[PDB]
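# In their complex positions, the first chains:
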Amino acid sequence: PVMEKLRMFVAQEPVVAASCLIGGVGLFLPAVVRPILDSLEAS
Amino acid sequence: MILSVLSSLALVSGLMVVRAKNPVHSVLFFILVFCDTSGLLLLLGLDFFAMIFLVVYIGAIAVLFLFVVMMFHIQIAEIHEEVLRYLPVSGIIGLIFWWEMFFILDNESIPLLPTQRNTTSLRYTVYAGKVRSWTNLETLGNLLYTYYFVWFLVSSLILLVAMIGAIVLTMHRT
Amino acid sequence: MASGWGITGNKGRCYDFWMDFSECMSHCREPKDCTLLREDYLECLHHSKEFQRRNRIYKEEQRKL
Amino acid sequence: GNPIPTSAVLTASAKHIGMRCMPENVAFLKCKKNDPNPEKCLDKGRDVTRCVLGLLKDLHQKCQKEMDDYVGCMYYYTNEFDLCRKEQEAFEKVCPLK
Amino acid sequence: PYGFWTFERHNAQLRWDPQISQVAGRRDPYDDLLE
Amino acid sequence: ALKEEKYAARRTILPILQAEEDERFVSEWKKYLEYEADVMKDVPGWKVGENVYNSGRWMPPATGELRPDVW
Amino acid sequence: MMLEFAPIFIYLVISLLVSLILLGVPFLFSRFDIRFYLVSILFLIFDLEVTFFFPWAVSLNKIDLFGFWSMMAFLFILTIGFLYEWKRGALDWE
Amino acid sequence: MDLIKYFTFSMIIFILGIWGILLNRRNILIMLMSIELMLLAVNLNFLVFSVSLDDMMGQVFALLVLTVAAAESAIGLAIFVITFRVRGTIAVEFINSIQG
Amino acid sequence: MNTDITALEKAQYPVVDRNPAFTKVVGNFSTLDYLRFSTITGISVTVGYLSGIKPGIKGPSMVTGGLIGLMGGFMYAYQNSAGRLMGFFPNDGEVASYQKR
């Protein structure tokens, strides 16, 4: 049941969770969004 | 002249690194040798390396040396020895290395003797290179992460080994 | 200066000489065929012969004085 | 009569010099690309110099006050365009780039 | 052998450097003025 | 855009500045060549203004200062 | 240009003179703690990380996506090191 | 004469490292610092040559050698700490058991 | 970033596609490729389980071994598929599908 384990992990360690989220958005945007924009520009 | 002043400061400070009785003083004279090196780099126009020698050698490496040496409280008896007897061997080794290496460039890089004529008037200026000039920082950053990125990553592996080995060798968890 | 990357962000001072020497050596099966280009590259690197000649001029000036 | 071609004058007139002396500039740059020797381009250089000096004289005669003000501002601010907008606009109103 | 330098494995720079000959950081300065 | 404006301005006045510098260097090199011919007169085998490069391609005279442009 | 560093040197000399005047006018009238070694090591590693970021941050507009991802791989290796240090209690001072 | 003067600056630092090895047979911490002086001299060589040749490869390598020097110092001092912790002293007479 | 796929040693088989895309190489996975993938993954899961018994972590060790095996088997299958598409490995089926589509 790994859904409240994430909830507890956020409750115990909010700074780690926030760092992972902020950095994860920073990694997600160039990985996923940027090729979408490059493709949308090609057509 | 200026290069002579910096060379003399570095020479005295290095002698004091290798000859000070107290190792704390040795680490402090080492900081002076790094400051002098930073000055030389500023003369060569490499201001990024001049700042990084301050940040890394003095700001981080010398600090680690100082922390370790200070907490060790070395006693002068455990490390003392008279060095008069090494003057001959130092003389021969240093003289061989001097005569051979202080003059290694002389055959290949012959110095231009300064004449009593203004040679500055023959400096040719090419303005095309000066329209958008690059700093040392961006010139290095243009190469580190693209054309030579593998060596960058191998250096990261070297740093990882340092972190692991530091923990494994010294950690005693409370 | 064989890489091409200059320290101010342009082609290195001695890259063209290097490339001439390399292109000569790529098809000349004897290294002696590219000796002139090789010493051109090394002259660019160290300015040995130029400075030697200018020192000759300076020496002659000192001798005639 | 003819303005001194200082960095202030040349920079303040650079837009006109680009819109007007494009061919001589291009020829000079092309032959510089072919041969870096200064002696082997003195002719193409003289065509650039005559272009620019003729255009500079034209600007002074065609608009003296507004060019003076612009050049003075550009010298004062060491050729920073953002600090000299009013004088650039005034100078361009009277001597259009066209 | 006779002229190892002559072999194609030994001429990698001569074929790769032209492909980066237009890259910022290694151009002839006049290239920006004409292009 | 601001930086591009300033770089445009520098590009258009580039040719006249380079032509001025070329004239200056040519005149100075002529003067130095006369000086060299004068001093090196009576020395057999000398060739005034000989190109040390076998290819003969023109290079600016070397200065013997490591980084003179930055100061 | 390196011209702008000379005022820093003259500034240093003047600061020295002021220091000595202030300090001189009154002369007229055995227990090794490994946790300091460990913090030194951590600081050194991240000092080198800041050092490698300086050229990257100014060069991002030219290196584009390749440079971004090579720096990300670098960070990933060093952050694995950081997680190792964290789990081993090198970040705890109690 | 610029290149020779910078070169001799770096060369004197290298020789000082060699002498510091030669002169500190009871002081192994100073030996580690002498090795760091040699490494600094080499880095200077690379930077000076990079300038003299108008080539960037000397600067790339100087930065990487910086990383290596930092790693070497961290590991070296860790080994020094565990050597001292085991023996209680840094005297060279307590680190000479292995021989023959 | 300028690139060049050209290899030192030329492909000895019909070059179906010089630089096949990632998804194209994945879609080129054959029965033998999946057999290699599955064998590597299963061996790795098994080694993880067996080596995890003594420390008492056979399940987590199984997951770790399975991850190592998944990455290694996928890399091996990709290697083979891309080599076939590029003509470096015998690629009869690739050529038969290419000459028809």
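Structure's in. What do you need? Numbering: from 1, shown residues only, chains lettered A, B, ... in the order given.

# Every contact and neighbour count from this point should use C-alpha atoms.
Will do.

# how about residue G:2, what does it touch?
If you count contacts by CA atoms under 8 Å, 6 or more residues apart in numbering or on different chains, residue G:2 has them with B:42-43, B:45, B:47, F:70-71.

# scratch that, residue D:75 is what I was asking about
D:7-8.

# Kindly list the main-chain dihedrals of it?
With angles defined as degrees, to the nearest 10, residue D:75 sits at phi -70, psi -40.

# Any figure for the gap between it and chain I?
42 Å (CA to the nearest CA, to the nearest Å).

# Quick check: that residue vs residue B:3, distance?
Going from residue D:75 to residue B:3 by CA to CA, to the nearest Å gives 37 Å.

# same thing with residue G:1?
In terms of CA to CA, residue G:1 sits 19 Å off from residue B:3.

# In chain F, which residue sits closest to chain E?
For chain F and chain E, the shortest gap (CA to the nearest CA) falls at residue F:11, measuring 6.9 Å.

# residue contacts, the residue in chain G positioned nearest to chain E?
At 8.5 Å from chain E, residue G:62 is the closest residue in chain G, using CA to the nearest CA. By CA under 8 Å, 6+ apart, the contact set of residue G:62 is residue B:142.

# and what of residue F:21?
B:124-125.

# Are we agreed that it is in a strand?
No: counting by DSSP: H, G, I helix; E, B strand; the rest coil, residue F:21 is not part of a strand but helix.

# Around chain E, pick out the residues from chain I.
I:2, I:8 (CA under 8 Å from any CA of the partner chain).

# again, but for chain D
Counting by CA under 8 Å from any CA, chain D sits next to chain E at D:26, D:29-30, D:32-33.

# Considering the residues you listed, which possesses the most neighbours?
residue D:29 (23 neighbours; other CA atoms under 10 Å in any protein chain shown).

# slot chain J in:
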Amino acid sequence: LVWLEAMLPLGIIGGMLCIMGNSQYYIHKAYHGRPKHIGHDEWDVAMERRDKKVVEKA
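With chain J added, the chains above now look like this:
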């Protein structure tokens, strides 16, 4: 209104900072005849060195 007493040492610090800027700005301008230019690069240095000749030799 007693709290204005606290605003005096702060205003004196702010004035000290304004002096640290403006006094050095006006001394450089008097010595060079124009304000200091931010971003003096190799081009500007070369322009000044050439302008010396173009002015003095005119």
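
# Get me the contact residues on chain C for chain B.
Close to chain B, as judged by CA under 8 Å from any CA, chain C has residues C:7-10, C:46-48, C:51-52, C:54-55, C:58.

# can you tell me if the helix of greatest length in chain D touches chain F.
Assignment by DSSP state H gives helix D:42-62 as the longest helix of chain D. Yes: interface with chain F: helix D:42-62 contributes D:42, D:45-46, D:48-49, D:52 (CA under 8 Å from any CA).

# Repeat that for stretch B:136-153.
No: judged by CA under 8 Å from any CA, stretch B:136-153 and chain F are separated, with a smallest distance of 11.4 Å.

# elements contacting whatever helix or strand residue B:66 lives in?
Here residue B:66 is covered by helix B:62-72, with elements defined by DSSP states H and E. If you count contacts as 3 or more CA pairs under 8 Å, 6 or more residues apart in numbering or on different chains; DSSP states H and E, helix B:62-72 packs onto helix B:23-43, helix G:34-87, helix H:57-87.

# run the last query once more with 7 Å
helix B:23-43, helix G:34-87 (3 or more CA pairs under 7 Å, 6 or more residues apart in numbering or on different chains; DSSP states H and E).

# Out of those helices, the one nearest residue H:41 is which?
Counting by CA to CA, residue H:41 lies closest to helix B:23-43 out of the helices and strands packed on helix B:62-72; the figure is 9.2 Å.

# what sits against the residue of chain E found nearest chain B?
Using CA to the nearest CA, residue E:29 is the residue of chain E that sits closest to chain B, at 5.4 Å. Going by CA atoms under 7 Å, 6 or more residues apart in numbering or on different chains, residue E:29 touches B:128-129, C:10.

# what's the most buried one of the helices and strands packed on helix B:62-72?
Burial of the helices and strands packed on helix B:62-72 is given as mean neighbour count (mean count of other CA atoms under 10 Å in any protein chain shown); helix B:23-43 ranks first at a mean of 21.

# extra chain here, label it chain K:
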Amino acid sequence: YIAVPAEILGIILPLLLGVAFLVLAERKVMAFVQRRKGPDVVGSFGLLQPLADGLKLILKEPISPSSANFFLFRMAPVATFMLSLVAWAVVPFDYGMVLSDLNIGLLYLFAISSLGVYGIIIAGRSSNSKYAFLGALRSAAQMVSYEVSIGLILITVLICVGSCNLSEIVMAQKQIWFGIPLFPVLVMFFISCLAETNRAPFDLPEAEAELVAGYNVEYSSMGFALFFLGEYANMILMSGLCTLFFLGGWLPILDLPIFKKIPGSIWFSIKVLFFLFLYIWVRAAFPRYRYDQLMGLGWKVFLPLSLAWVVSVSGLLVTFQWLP
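Adding chain K to what we have so far:
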């Protein structure tokens, strides 16, 4: 170059006066929060109190304990004082108002920050007191720990600007101040500056009542004064960096002709004054952390957040091609 000393003095002397009066302003604002008056007898509104304390300090006899490190003991406060002074050569107060227009000024500031630890370390060791030495080691550790976060935040700003020139960093905030999108970065930067200047709630050297003797416990007379003056000059500097990096330096709040009537040095001074008020307001508001707690905060909270913000800002700017 003959007028360069005039410029340097016009920077250094008013800075020493501004520090003298920062001490006064700290004593006044803390007093008012505590319903007290603060120094108001020595001069009108207490305005001559700095002069009196400085003259008292220079008239005090120096002590100079019988240590084997006579020279280093006196040199350590000189070292820290010099380091605090020399950072101002690259600080721009307004457009064109700066002593040295360094293209590498950001890295230079980081290097000075990194050098600041040696004065404290050396003072602690040279004092021949185990209390001073232990306090010094803890303070040095705290400073280097928070320098990591300071440096990673510097990298975030550099990514936005694309240049290490401090004037360029200011002028890149004409569209918008960097403290608006990066407000969490500004918060973490202000906290990391409190911990780097050894200020409350991170002031270990002040916790003598807590059985923690500070690195400057043995110092008297003017060496003690030089340590104190270096620390306070560092607080004005860190308030100036907060202003330059995130509050747009000398720029006005709004690009409007009414706001452009007052000069840029006034804007810069007012923002610096806001940050100095907050340094004092925090001292007056909260208790202090223990050493282990603030060390945990440094490594486990501020390093990860700073690193994550570097990644997020660089990735967002690379994705949409908003890079400088």
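
# Please reconsider the contacts of residue G:2 now that chain K is part of the model.
Contacts of residue G:2 (CA under 7 Å, 6+ apart): B:45, F:70-71.

# What sits closest to residue H:50 if chain neighbours are left out?
Closest residue in space to residue H:50, ignoring its immediate chain neighbours: residue H:58 at 4.7 Å, by CA to CA, 6 or more residues apart in numbering or on different chains.

# The one you found and residue D:6, how far apart?
39 Å.

# ranges for the helices of the stretch 201-324 of chain K?
Taking DSSP state H, counting those that start in this stretch, the helices of the stretch 201-324 of chain K run over residues K:221-246, K:264-285, K:291-297, K:303-320.

# so which of those comes closest to chain I?
Among the helices of the stretch 201-324 of chain K, if distance is taken as CA to the nearest CA, the winner is helix K:303-320, at 15.3 Å.

# who does that closest one touch, helix- and strand-wise?
Helix K:303-320 packs on helix A:14-28, helix K:130-161, going by 3+ CA pairs under 7 Å, 6+ apart.

# Can you give me the buried ones in it?
Along helix K:303-320, these residues count as buried under the neighbour rule (16 or more other CA atoms under 10 Å in any protein chain shown): K:303-319.

# for stretch F:43-54, same thing?
Those would be F:52-53, for stretch F:43-54 by 16+ other CA under 10 Å.

# before we move on, what about stretch B:16-25?
Quick answer for stretch B:16-25 (16+ other CA under 10 Å): B:16-19, B:21-25.

# Mind putting those into JSON lines with distance to residue J:52?
Shown next, in JSON lines, are these (distance: CA to CA, whole Å):
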{"residue": "B:16", "distance to residue J:52": "48"}
{"residue": "B:17", "distance to residue J:52": "48"}
{"residue": "B:18", "distance to residue J:52": "51"}
{"residue": "B:19", "distance to residue J:52": "52"}
{"residue": "B:21", "distance to residue J:52": "56"}
{"residue": "B:22", "distance to residue J:52": "56"}
{"residue": "B:23", "distance to residue J:52": "55"}
{"residue": "B:24", "distance to residue J:52": "53"}
{"residue": "B:25", "distance to residue J:52": "51"}
